[PDB]
Amino acid sequence: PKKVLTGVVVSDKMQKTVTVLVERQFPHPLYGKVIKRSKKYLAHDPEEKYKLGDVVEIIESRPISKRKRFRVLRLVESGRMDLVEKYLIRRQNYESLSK
Amino acid sequence: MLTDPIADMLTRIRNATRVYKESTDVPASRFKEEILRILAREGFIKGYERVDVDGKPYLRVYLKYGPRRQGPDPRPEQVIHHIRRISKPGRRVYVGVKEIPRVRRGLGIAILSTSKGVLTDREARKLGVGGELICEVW
Amino acid sequence: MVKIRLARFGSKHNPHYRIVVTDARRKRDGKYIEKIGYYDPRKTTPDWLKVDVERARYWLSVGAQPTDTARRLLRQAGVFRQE
Amino acid sequence: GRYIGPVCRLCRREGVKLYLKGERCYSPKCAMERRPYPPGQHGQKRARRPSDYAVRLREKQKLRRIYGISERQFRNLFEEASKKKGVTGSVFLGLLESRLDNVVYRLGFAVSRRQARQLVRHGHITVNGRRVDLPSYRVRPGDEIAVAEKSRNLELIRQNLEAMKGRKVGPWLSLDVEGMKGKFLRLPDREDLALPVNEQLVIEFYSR
Amino acid sequence: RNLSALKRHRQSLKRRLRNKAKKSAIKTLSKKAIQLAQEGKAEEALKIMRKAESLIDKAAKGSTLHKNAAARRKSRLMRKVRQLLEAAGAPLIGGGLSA
Amino acid sequence: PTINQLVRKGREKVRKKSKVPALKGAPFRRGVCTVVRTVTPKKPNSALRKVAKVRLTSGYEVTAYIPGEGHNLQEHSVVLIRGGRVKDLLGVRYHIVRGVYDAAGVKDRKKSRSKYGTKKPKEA
RNA sequence: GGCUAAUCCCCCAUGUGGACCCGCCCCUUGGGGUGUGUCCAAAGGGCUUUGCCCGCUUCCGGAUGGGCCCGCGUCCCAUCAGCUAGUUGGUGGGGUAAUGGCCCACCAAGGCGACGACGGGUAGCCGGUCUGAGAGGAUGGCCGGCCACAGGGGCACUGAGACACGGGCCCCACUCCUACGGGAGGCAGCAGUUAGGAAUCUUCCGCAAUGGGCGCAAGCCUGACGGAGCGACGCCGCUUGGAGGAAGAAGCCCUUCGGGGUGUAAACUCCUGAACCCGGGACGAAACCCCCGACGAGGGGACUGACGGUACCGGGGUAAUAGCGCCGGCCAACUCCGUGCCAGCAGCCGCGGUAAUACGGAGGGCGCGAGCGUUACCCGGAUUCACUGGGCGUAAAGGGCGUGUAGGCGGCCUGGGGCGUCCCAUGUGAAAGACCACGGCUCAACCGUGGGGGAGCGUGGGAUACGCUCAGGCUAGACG
Ligand SMILES: [Mg+2]
Ligand SMILES: [Mg+2]
Ligand SMILES: [Mg+2]
Ligand SMILES: [Mg+2]
Ligand SMILES: [Mg+2]
Ligand SMILES: [Mg+2]
Ligand SMILES: [Mg+2]
Ligand SMILES: [Mg+2]
Ligand SMILES: [Mg+2]
Ligand SMILES: [Mg+2]
Ligand SMILES: [Mg+2]
Ligand SMILES: [Mg+2]
Ligand SMILES: [Mg+2]
Ligand SMILES: [Mg+2]
Ligand SMILES: [Mg+2]
Ligand SMILES: [Mg+2]
Ligand SMILES: [Mg+2]
Ligand SMILES: [Mg+2]
Ligand SMILES: [Mg+2]
Ligand SMILES: [Mg+2]
Ligand SMILES: [Mg+2]
Ligand SMILES: [Mg+2]
Ligand SMILES: [Mg+2]
Ligand SMILES: [Mg+2]
Ligand SMILES: [Mg+2]
Ligand SMILES: [Mg+2]
Ligand SMILES: [Mg+2]
Ligand SMILES: [Mg+2]
Ligand SMILES: [Mg+2]
Ligand SMILES: [Mg+2]
Ligand SMILES: [Mg+2]
Ligand SMILES: [Mg+2]
Ligand SMILES: [Mg+2]
Ligand SMILES: [Mg+2]
Ligand SMILES: [Mg+2]
Ligand SMILES: [Mg+2]
Ligand SMILES: [Mg+2]
Ligand SMILES: [Mg+2]
Ligand SMILES: [Mg+2]
Ligand SMILES: [Mg+2]
Ligand SMILES: [Mg+2]
Ligand SMILES: [Mg+2]
Ligand SMILES: [Mg+2]
Ligand SMILES: [Mg+2]
Ligand SMILES: [Mg+2]
Ligand SMILES: [Mg+2]
Ligand SMILES: [Mg+2]
Ligand SMILES: [Mg+2]
Ligand SMILES: [Mg+2]
Ligand SMILES: [Mg+2]
Ligand SMILES: [Mg+2]
Ligand SMILES: [Mg+2]
Ligand SMILES: [Mg+2]
Ligand SMILES: [Mg+2]
Ligand SMILES: [Mg+2]
Ligand SMILES: [Mg+2]
Ligand SMILES: [Mg+2]
Ligand SMILES: [Mg+2]
Ligand SMILES: [Mg+2]
Ligand SMILES: [Mg+2]
Ligand SMILES: [Mg+2]
Ligand SMILES: [Mg+2]
Ligand SMILES: [Mg+2]
Ligand SMILES: [Mg+2]
Ligand SMILES: [Mg+2]
Ligand SMILES: [Mg+2]
Ligand SMILES: [Mg+2]
Ligand SMILES: [Mg+2]
Ligand SMILES: [Mg+2]
Ligand SMILES: [Mg+2]
Ligand SMILES: [Mg+2]
Ligand SMILES: [Mg+2]
Ligand SMILES: [Mg+2]
Ligand SMILES: [Mg+2]
Ligand SMILES: [Mg+2]
Ligand SMILES: [Mg+2]
Ligand SMILES: [Mg+2]
Ligand SMILES: [Mg+2]
Ligand SMILES: [Mg+2]
Ligand SMILES: [Mg+2]
Ligand SMILES: [Mg+2]
Ligand SMILES: [Mg+2]
Ligand SMILES: [Mg+2]
Ligand SMILES: [Mg+2]
Ligand SMILES: [Mg+2]
Ligand SMILES: [Mg+2]
Ligand SMILES: [Mg+2]
Ligand SMILES: [Mg+2]
Ligand SMILES: [Mg+2]
Ligand SMILES: [Mg+2]
Ligand SMILES: [Mg+2]
Ligand SMILES: [Mg+2]
Ligand SMILES: [Mg+2]
Ligand SMILES: [Mg+2]
Ligand SMILES: [Mg+2]
Ligand SMILES: [Mg+2]
Ligand SMILES: [Mg+2]
Ligand SMILES: [Mg+2]
Ligand SMILES: [Mg+2]
Ligand SMILES: [Mg+2]
Ligand SMILES: [Mg+2]
Ligand SMILES: [Mg+2]
Ligand SMILES: [Mg+2]
Ligand SMILES: [Mg+2]
Ligand SMILES: [Mg+2]
Ligand SMILES: [Mg+2]
Ligand SMILES: [Mg+2]
Ligand SMILES: [Mg+2]
Ligand SMILES: [Mg+2]
Ligand SMILES: [Mg+2]
Ligand SMILES: [Mg+2]
Ligand SMILES: [Mg+2]
Ligand SMILES: [Mg+2]
Ligand SMILES: [Mg+2]
Ligand SMILES: [Mg+2]
Ligand SMILES: [Mg+2]
Ligand SMILES: [Mg+2]
Ligand SMILES: [Mg+2]
Ligand SMILES: [Mg+2]
Ligand SMILES: [Mg+2]
Ligand SMILES: [Mg+2]
Ligand SMILES: [Mg+2]
Ligand SMILES: [Mg+2]
Ligand SMILES: [Mg+2]
Ligand SMILES: [Mg+2]
Ligand SMILES: [Mg+2]
Ligand SMILES: [Mg+2]
Ligand SMILES: [Mg+2]
Ligand SMILES: [Zn+2]
């Protein structure tokens, strides 16, 4: 069972390395309601096939660099540019809450 | 909007019955219809109806009470002594077969929504499924 | 390397041994790979020896090494009995 | 070193008859023959409405005293009776009545509970043929509790025994007065014993 | 005092010595051979590479190296040599190299 | 609070302070009277109370109360501190244990003797 | 400086095979197969001596033990809000059993954070334990597992394996030797000392058992370990007696001066017989070895016990330690003196300022008993952090109001998918522990054997009502 997930591509900015945003629900061990939570994976795009806003299955793989342990599996979906501009706005938001 | 359809159903019933009404319109749903089918066959409502009010679909819910009390306060004994929602929009509750409660010493019921469809605790239990726990009735 | 031995089990002055497969480097009484029998040296009850040949035959086949006290118990149980 | 020191004081506090002395507790002495008041200076005083506590504690003490037993022992037994499946009060009586020392008494080999304790501790009794000296020891049914063969001529044994000839014995037991041997065949229900204890009060006492 | 099988230490030196001047011997030759490749002299190069490979495997006979650091060094070298043999090389000896 | 509030922020387990630094968590601590004397109590009560400021193995210098009917303590007696306090005068978080180190036990006390640290007397 | 042996070190051959570069076959990350070149083997020793045993060598498996890597889980502070230059990625290379910025050279400009990054504080995790109806809280001594350390900090060597507690090197601190040049240590192994502290043991016996190293075996080593000792530290069992015995002795307390109380308690009578003395006396130990066989299977024989002359058995035998807390209400248990806001008690209400069931002593009583009190710390009560399971008009508590960002939530009907959710099978959930059952120590504590339960995660299969999601449609909400 070599673990595999799904996500969106939120980053172009590395050679052969994309960043994938992967969410999951799971119910709250105490207050008991589902919580939606998420994590970012740097993944291996050898030939720079995947572009941004794509939805991709992602896989457990022998190590590539510090930070890079998963290689792109397939292309599930093309251009969900909404999740993208979403995460991107969260990030723009960090810019408040400051000094 | 209406944030829980269902709750509001149960409530309509509740304030309805408390004020001793012979029956009540509630706004119509295939699901809310299941639930009253269960609620009915199981003894608590006189039964219900599929109505149309002002060109819109409603279910009339006819309403049952026990006989006339003596002494002061002749208001008759409620049948639907209590009805309450369990799963709630944004806080959900799903139960194993081993986790399905049982109610007021068996004198009441639970309503579960399963992939066998909507059924009572007893029904689920003999069916052997779990599900979202809709409501406590007794 | 891998060994069939005894592990001390009952209380003080009341020893009950567990007949057991495990790496030599292990602690005596520490975690072990399979329990293959019990042996009660002071013969307190009708049956002070359980072996279950079947399985100790295995470990032997795959390169298990019995300690001789273990071997004696084993062979009392005719793990070894050849025909 | 469980209670050793004047008894008929306890017969008295507890305000109902206890047979801690055996014979004479049947006489016109048990002290509850005309002096049934509680002990001490203020024992002849008009007394006061009992706390709900008092009542349940005193009901405990009434049973504990009856059987001769330490608190730690008594409790640890009751705990052990909770745990068991079955009605907790009744089991408790079961377990009490199954103490060796009590069987020895209730088999009639001794005049009194304490007497059976000594009887036991000193070696005069055999359970299924081995000498067994601890009054704690739990008599299983099927078990045969009998007097030690080497001890069979003792005065005390014969007094007791010989003048048990013909009296009927507890219906969960059997006696043979020739062998000084008897069988514990079953377990006493709460109406097999008679005790003047409502046990449920004792359950209630440990519930706190 | 005096634990007598500190003798082990006493040996480990003699041993250390041996190991070092195997390794080194190897290292030197390898370098030399590789060098001769970039000078294009594939006669001389192949000859030396060949001796280096003997030595490496021979020193894997013992505790010195063993393993696959056998193979590793072997592979590394032979490639860097062949790969270094075209700036136009016509691989003369081909003692060691697979036609 | 809503649920989404309990997931967001959620409840706060709250802790309790200690009524004493005998420190260590130590059950008792050894000390030295620095000074000894008599004080006036609080609110409804009158009295002359017996106490000793004591310096500690725990490093702090505290006021402890000498229990029971007489006492023997003075400039540098050395004594053991148990703590438990006196409501009716203030600054006293701890009692002295009588009968240990340089503090005597209360003599003549027939009645409750473990507290007060007096040996059991014999007779005829 | 000089001889010298080997299972020590080399060189040559043999190549079953393996290793490496290149080519193709299958396969899918560096998995197999194959051809071409190249490169690689070895050690003897013992006997019942011509054939057996203990060894060596290259390969392929097994087995056991590990490395490394990923999902998930894993304390407080936001009065810690930004952090990052090997930083984040890429090509080449070093290195290693192996991946990887582990390191290095040159390119790109990234990585991370309110889903709490960075900082600070604290802490070895776990099986489990304590408490609790449960949910939770709290904890990680003993036993098992995993990690880390070995006076503080660095480092590597040898090796299957270490960056090594009784190995090596350097720096530092400390101690000791010193011809002042220079040298030697490392109890967080068992004992023991000292210091610190409220406080924590014997410089004991044994190698009989079990277990580990080496050894063909005999054996040797084994403060692992089996045992003994000391501490009421805990838990469990047991004793200080059993039956009689007064209308109820002296003493002592109370007194309405008649009597009430301790109290069947004592005395005394009669049984029993802890301690102690005598005798007998284990199991734990049967293999290694040796003999027949064939050094196998199998059969026969021999030795060996620290605990210990202990356990236990039989005989004899003495009436044989009881204490501590409480008695104003929470709370079971009351009277007399003494005392006079004093002396004192006090967990909290509060007691004491001359009739104190509240201080102190007495008689009596209540509770426990070889124990009973105390202080300390956890959980309980405390539904007083409220998931179960609280609140906000005046009790503490609605922001001064608005706009919307992230986020939470989402009408009616139909179809797809099946992520949440539900079910079934299966793998994992070590042992210990807990639960139940029989059993072993005379019981028990303690111990065995068996059975059962299990959340959770992996996998396969299934259901689709509710949640999601994708496609369609509607108009009761919203807007126009
Ligand atoms: Mg790109
Ligand atoms: Mg890379
Ligand atoms: Mg791929
Ligand atoms: Mg920024
Ligand atoms: Mg479930
Ligand atoms: Mg070992
Ligand atoms: Mg190991
Ligand atoms: Mg057998
Ligand atoms: Mg029960
Ligand atoms: Mg019966
Ligand atoms: Mg009776
Ligand atoms: Mg009754
Ligand atoms: Mg309770
Ligand atoms: Mg040597
Ligand atoms: Mg050189
Ligand atoms: Mg709430
Ligand atoms: Mg006052
Ligand atoms: Mg002094
Ligand atoms: Mg206190
Ligand atoms: Mg003293
Ligand atoms: Mg007092
Ligand atoms: Mg020389
Ligand atoms: Mg070949
Ligand atoms: Mg070849
Ligand atoms: Mg060669
Ligand atoms: Mg060699
Ligand atoms: Mg095999
Ligand atoms: Mg393996
Ligand atoms: Mg493995
Ligand atoms: Mg592994
Ligand atoms: Mg650089
Ligand atoms: Mg730097
Ligand atoms: Mg690289
Ligand atoms: Mg930047
Ligand atoms: Mg996150
Ligand atoms: Mg912690
Ligand atoms: Mg720490
Ligand atoms: Mg429990
Ligand atoms: Mg709580
Ligand atoms: Mg729990
Ligand atoms: Mg923890
Ligand atoms: Mg420790
Ligand atoms: Mg441990
Ligand atoms: Mg591990
Ligand atoms: Mg260190
Ligand atoms: Mg280390
Ligand atoms: Mg030290
Ligand atoms: Mg160091
Ligand atoms: Mg080695
Ligand atoms: Mg090496
Ligand atoms: Mg290595
Ligand atoms: Mg070192
Ligand atoms: Mg050391
Ligand atoms: Mg040194
Ligand atoms: Mg030490
Ligand atoms: Mg000291
Ligand atoms: Mg010790
Ligand atoms: Mg010795
Ligand atoms: Mg041995
Ligand atoms: Mg051995
Ligand atoms: Mg060997
Ligand atoms: Mg020989
Ligand atoms: Mg030695
Ligand atoms: Mg030991
Ligand atoms: Mg001591
Ligand atoms: Mg002591
Ligand atoms: Mg202690
Ligand atoms: Mg008198
Ligand atoms: Mg009189
Ligand atoms: Mg008597
Ligand atoms: Mg008599
Ligand atoms: Mg006699
Ligand atoms: Mg003899
Ligand atoms: Mg023996
Ligand atoms: Mg034998
Ligand atoms: Mg041997
Ligand atoms: Mg031997
Ligand atoms: Mg022969
Ligand atoms: Mg022979
Ligand atoms: Mg044999
Ligand atoms: Mg034999
Ligand atoms: Mg001896
Ligand atoms: Mg003797
Ligand atoms: Mg005897
Ligand atoms: Mg006798
Ligand atoms: Mg006497
Ligand atoms: Mg007597
Ligand atoms: Mg109480
Ligand atoms: Mg009272
Ligand atoms: Mg005065
Ligand atoms: Mg006066
Ligand atoms: Mg006055
Ligand atoms: Mg007065
Ligand atoms: Mg007054
Ligand atoms: Mg008084
Ligand atoms: Mg008081
Ligand atoms: Mg008093
Ligand atoms: Mg008294
Ligand atoms: Mg005890
Ligand atoms: Mg205690
Ligand atoms: Mg508390
Ligand atoms: Mg509660
Ligand atoms: Mg409140
Ligand atoms: Mg409100
Ligand atoms: Mg106000
Ligand atoms: Mg206000
Ligand atoms: Mg307002
Ligand atoms: Mg305001
Ligand atoms: Mg606002
Ligand atoms: Mg708004
Ligand atoms: Mg929104
Ligand atoms: Mg909907
Ligand atoms: Mg559908
Ligand atoms: Mg699903
Ligand atoms: Mg389908
Ligand atoms: Mg596992
Ligand atoms: Mg388990
Ligand atoms: Mg259970
Ligand atoms: Mg038994
Ligand atoms: Mg057990
Ligand atoms: Mg199990
Ligand atoms: Mg199971
Ligand atoms: Mg469970
Ligand atoms: Mg569990
Ligand atoms: Mg499963
Ligand atoms: Mg379908
Ligand atoms: Mg949504
Ligand atoms: Mg639509
Ligand atoms: Zn009586």
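Chain D is numbered as in Swiss-Prot, which gives 2-209 for the residues shown.
Determined via X-ray crystallography, 3.5 Å.
Cβ from N, Cα, C; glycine included.
The Zn(2+) binding site feature in Swiss-Prot is assigned to D:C9, D:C12, D:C26, D:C31; the stated evidence is experimental evidence. Shown in sequence order, D:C9, D:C12, D:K18, D:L19, D:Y20, D:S113 are the residues of the chain, 6+ apart in sequence, with a C-beta less than 8 angstroms from the C-beta of D:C26 (Zn(2+) binding site).
What Swiss-Prot records for D:99-161 is domain 'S4 RNA-binding'.
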Cβ neighbours of D:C31 (Zn(2+) binding site) where a neighbour is any other Cβ within 10 Å: 19
Fewest other C-beta atoms within 10 angstroms, as judged across D:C9, D:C12, which are the binding-site residues: D:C9
Cβ-centroid neighbours of Zn(2+) site D:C9, D:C12, D:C26, D:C31, 8 Å, sequence order: D:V8, D:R13, D:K18, D:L19, D:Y20, D:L21, D:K22, D:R25, D:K30, D:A32, D:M33
Per-state residue totals over the domain 'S4 RNA-binding' (D:99-161) - DSSP helix, strand, coil: 22 helix, 11 strand, 30 coil
D:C26 (Zn(2+) binding site) in three-state DSSP notation: coil
